[PDB]
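Visitor: part one of the complex, left exactly where it sits:
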Amino acid sequence: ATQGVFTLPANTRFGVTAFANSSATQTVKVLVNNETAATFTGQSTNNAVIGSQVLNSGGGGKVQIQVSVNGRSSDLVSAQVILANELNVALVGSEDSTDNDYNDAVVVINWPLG
Amino acid sequence: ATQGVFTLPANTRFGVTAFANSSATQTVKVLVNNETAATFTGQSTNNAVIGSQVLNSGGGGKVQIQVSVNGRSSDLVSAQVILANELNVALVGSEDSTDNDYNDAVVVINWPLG
């Protein structure tokens, strides 16, 4: 299945944060309605925050996360959870190699804000 | 039910990060095996990171998140998700008031690291 794609309510502010855990530099692209809205780049094997920003889901509500390491697309896994019928958290793990920890870049998207 | 309490594998590094979305200053306490291991304090209505740290689950593996606003405990909601049978993300939402967005402080615990 396609992974890393989430439908948000239209015109809604959301947070996106990425963490790195890999010897390789991670490039995390955040596409909102098929346009790049943010790109986080960084290298850490200690869960450093490599980007954290507030974006707007726009008219189409489509948010997609892509992760690559020196031009090679990482394998993604993702899900969305809703807590108290209100707090939405979408999650993306990514694997740049063969050990399958899926933590090489970890991306958290949350809404609503404020 | 009790919320914000999670059992981790023993002696495992984990990340804990908190975001704020409230006019009130949030205090997030992280207890590892019933002792305070970190405290984050901060204010944002725009999902700012108010703390992000690497901790160790220790012998007992017990992690508890408590959130308060000027000494009053916030109500919590929480869940843990596992992706690719390996990537663990424990989530806490908290509510300091009456609107029930549960985003006043949002806490993300993730493991494994590295």
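Guide: Now that the structure is in, tell me what you want to look at. Numbering: from 1, shown residues only, chains lettered A, B, ... in the order given.
Visitor: for the host helix or strand of residue A:40, packing partners?
Guide: Assigned by DSSP states H and E, residue A:40 belongs to strand A:35-42. On a contact count with 3 or more CB pairs under 8 Å, 6 or more residues apart in numbering or on different chains; DSSP states H and E, strand A:35-42 meets strand A:13-20, strand A:26-32, strand A:48-56. Placement of C-beta: from N, CA and C, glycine included.
Visitor: let me know which of these is tucked in deepest.
Guide: Most buried of the helices and strands packed on strand A:35-42 by mean neighbour count (mean count of other CB atoms under 10 Å in any protein chain shown) is strand A:13-20; its value is a mean of 24.
Visitor: centre of the chain to that one, how far?
Guide: The gap between where strand A:13-20 is centred and where its chain is centred comes out at 6 Å by CA atoms, centre = their mean, to the nearest Å.
Visitor: residues in contact with the residue lying closest to residue A:21 once chain neighbours are set aside?
Guide: Closest residue in space to residue A:21, ignoring its immediate chain neighbours: residue A:103 at 4.4 Å, by CB to CB, 6 or more residues apart in numbering or on different chains. Listed by CB atoms under 8 Å, 6 or more residues apart in numbering or on different chains, the contact partners of residue A:103 are A:19, A:21-22, A:93, B:86-87, B:110-114.
Visitor: re the thing from before, just checking: what are the partner strands of the strand holding residue A:40?
Guide: strand A:26-32 (antiparallel) (DSSP bridges).
Visitor: relative to strand A:13-20, how tilted is the strand it pairs with?
Guide: If you take axes from the mean of the first three to the mean of the last three CA atoms, to 10 degrees, strand A:26-32 sits at 170 degrees to strand A:13-20.
Visitor: list of residues touching strand A:26-32?
Guide: Outside strand A:26-32, the residues that touch it by CB under 8 Å, 6+ apart are A:16, A:18, A:20, A:36-43, A:50-51, A:55-58, A:62-69, A:74, A:94, A:96, A:104-105, A:107.
Visitor: at 6 Å instead, please
Guide: Contact partners of strand A:26-32, identified using CB atoms under 6 Å, 6 or more residues apart in numbering or on different chains, comprise A:16, A:18, A:20, A:36-41, A:55, A:58, A:63-64, A:66-68, A:105.
Visitor: go ahead and add chain C:
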Amino acid sequence: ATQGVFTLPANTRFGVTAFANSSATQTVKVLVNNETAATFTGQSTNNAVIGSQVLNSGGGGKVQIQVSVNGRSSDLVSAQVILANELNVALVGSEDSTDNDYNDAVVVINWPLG
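Guide: Take a look at chain C, now in place beside the chains above:
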């Protein structure tokens, strides 16, 4: 926090299924827009299905699960998961006593159907 309440898309068929794991007879009430739409009753300590039905979310979309044992409300925990950005599963655990396994009645709500 309130638990066992979920917003579904309006006028959408959904499945609701309950499993029992308790010496006590479980009563599971499914409220759709604040009116009882189904009630399951049954006893098992082996995860037997005590009810499974298809319902319609109606105009309001509001689905609430309540669990009781001979008139006494069990304590509930819940969350909703979305997989492949399309498959929705809402989950309710319940505790009728003191051991906090939260499995005494387990309720699964899923959509879309068909």
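Visitor: revisit what packs on strand A:35-42 given that chain C is now included?
Guide: For strand A:35-42, the elements it packs on are strand A:26-32, strand A:48-56, judged by 3 or more CB pairs under 6 Å, 6 or more residues apart in numbering or on different chains; DSSP states H and E.
Visitor: what lines up beside the longest one in the sheet?
Guide: When you say that, I think you mean strand A:48-56. Strands that pair with strand A:48-56, judged by DSSP bridges, come out as strand A:13-20 (antiparallel).
Visitor: interface residues of chain A facing chain C?
Guide: Residues of chain A lying close to chain C by CB under 6 Å from any CB of the partner chain are A:1, A:5-7, A:79-85.
Visitor: could you turn the buried ones of those residues into a PyMOL selection?
Guide: Of these, the buried ones go into a single PyMOL selection, burial set by 16 or more other CB atoms under 10 Å in any protein chain shown:
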select buried, chain A and resi 5+6+79+80+81+82+83+84+85
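Visitor: any chance of the residues of chain A next to chain C in JSON lines with secondary structure as columns?
Guide: Below are those laid out as JSON lines (DSSP: H, G, I helix; E, B strand; the rest coil):
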{"residue": "A:1", "secondary structure": "coil"}
{"residue": "A:5", "secondary structure": "strand"}
{"residue": "A:6", "secondary structure": "strand"}
{"residue": "A:7", "secondary structure": "strand"}
{"residue": "A:79", "secondary structure": "strand"}
{"residue": "A:80", "secondary structure": "strand"}
{"residue": "A:81", "secondary structure": "strand"}
{"residue": "A:82", "secondary structure": "strand"}
{"residue": "A:83", "secondary structure": "strand"}
{"residue": "A:84", "secondary structure": "coil"}
{"residue": "A:85", "secondary structure": "coil"}
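Visitor: from the residues of chain A next to chain C, which two are the most distant?
Guide: Greatest spacing in the residues of chain A next to chain C, by CB to CB: A:1 and A:84 (27.2 Å).
Visitor: and residue A:31, how far from residue A:111?
Guide: Using CB to CB, to the nearest Å, residue A:31 is found at 16 Å from residue A:111.
Visitor: residues in contact with stretch A:55-70?
Guide: Outside stretch A:55-70, the residues touching it (CB under 6 Å, 6+ apart) are A:4-8, A:10, A:12-13, A:16, A:24, A:27-29, A:31-33, A:37, A:74, A:92, A:94, A:96, A:105, A:107.
Visitor: for it, buried residues please.
Guide: Across stretch A:55-70, burial judged by 16+ other CB under 10 Å covers A:55, A:57-58, A:62-69.
Visitor: put chain D onto that model:
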Amino acid sequence: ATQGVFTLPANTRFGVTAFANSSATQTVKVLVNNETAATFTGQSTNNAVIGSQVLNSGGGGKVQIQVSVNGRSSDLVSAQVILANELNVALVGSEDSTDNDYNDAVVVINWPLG
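Guide: So that you can see how it sits with the rest, here is chain D on the chains above:
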């Protein structure tokens, strides 16, 4: 990423239940520590239960779900959630065609029982 694979605590009873939502007959295989422990077969477009059984995770704790339709592997998505730090629900969605509802067979694994 591989989907439909879950690590359970060793020697623990768990439930596995499958629902069908497709014009095609679904075959769900449950492998426990790499050996076939159950197979459910059925056809429904109305979320009927096509199998529900209690199994034991054995020494290794490895549970894998495979879904096929007339010999062809369906595409899977999955996740595990833990509620109240104790109730575990692993979920599998599957797609046998092109509409990507991922509900064609839906599999719920839960523990602990009793």
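Visitor: same as before for the contacts of strand A:26-32, with chain D this time.
Guide: Contacts of strand A:26-32 (CB under 6 Å, 6+ apart): A:16, A:18, A:20, A:36-41, A:55, A:58, A:63-64, A:66-68, A:105.
Visitor: ok so, going back, so how far is the strand holding residue A:40 from its chain's centroid?
Guide: Relative to the mean C-alpha coordinate of its chain, strand A:35-42 is positioned 10 Å out (CA atoms, centre = their mean).
Visitor: which residues does it contact?
Guide: The contact list for strand A:35-42 (CB under 6 Å, 6+ apart) reads A:18, A:20, A:27-30, A:50-51, A:53, A:55.
Visitor: in contact with the residue located most distally from the centre of chain A, which residues?
Guide: Distance from the centre of chain A peaks at residue A:84, with 22.3 Å (CA atoms, centre = their mean). With contacts defined as CB under 6 Å, 6+ apart, the neighbours of residue A:84 are B:77, B:102, C:1.
Visitor: same question for residue A:49.
Guide: Neighbouring residues of residue A:49 by CB under 6 Å, 6+ apart: residue B:52.
Visitor: and the gap between it and chain C?
Guide: Distance, residue A:49 to chain C, using CB to the nearest CB, to the nearest Å: 25 Å.
Visitor: try residue A:25
Guide: Taking CB to the nearest CB, one finds residue A:25 at 28 Å from chain C.
Visitor: could you report the neighbour count for the closest residue to that residue other than its chain neighbours?
Guide: The shortest distance from residue A:25 to any non-neighbouring residue, by CB to CB, 6+ apart, is to residue A:43 (4.3 Å). Neighbours of residue A:43 under the rule other CB atoms under 10 Å in any protein chain shown: 13.
Visitor: is it true that residue A:43 touches residue A:22?
Guide: No: the pair formed by residue A:43 and residue A:22 falls short of the contact definition of CB atoms under 6 Å, at 7.4 Å.
Visitor: partner residues bridging the nearest residue to residue A:79 once chain neighbours are set aside?
Guide: Of all residues beyond its chain neighbours, the one nearest residue A:79 is residue D:79 (4.6 Å), with distances taken as CB to CB, 6+ apart. Beta-bridge pairing of residue D:79 under DSSP bridges involves residue D:91.
Visitor: please name the nearest non-neighbouring residue to residue A:13.
Guide: Closest residue to residue A:13 apart from its sequence neighbours, by CB to CB, 6+ apart: residue A:113 at 4.8 Å.
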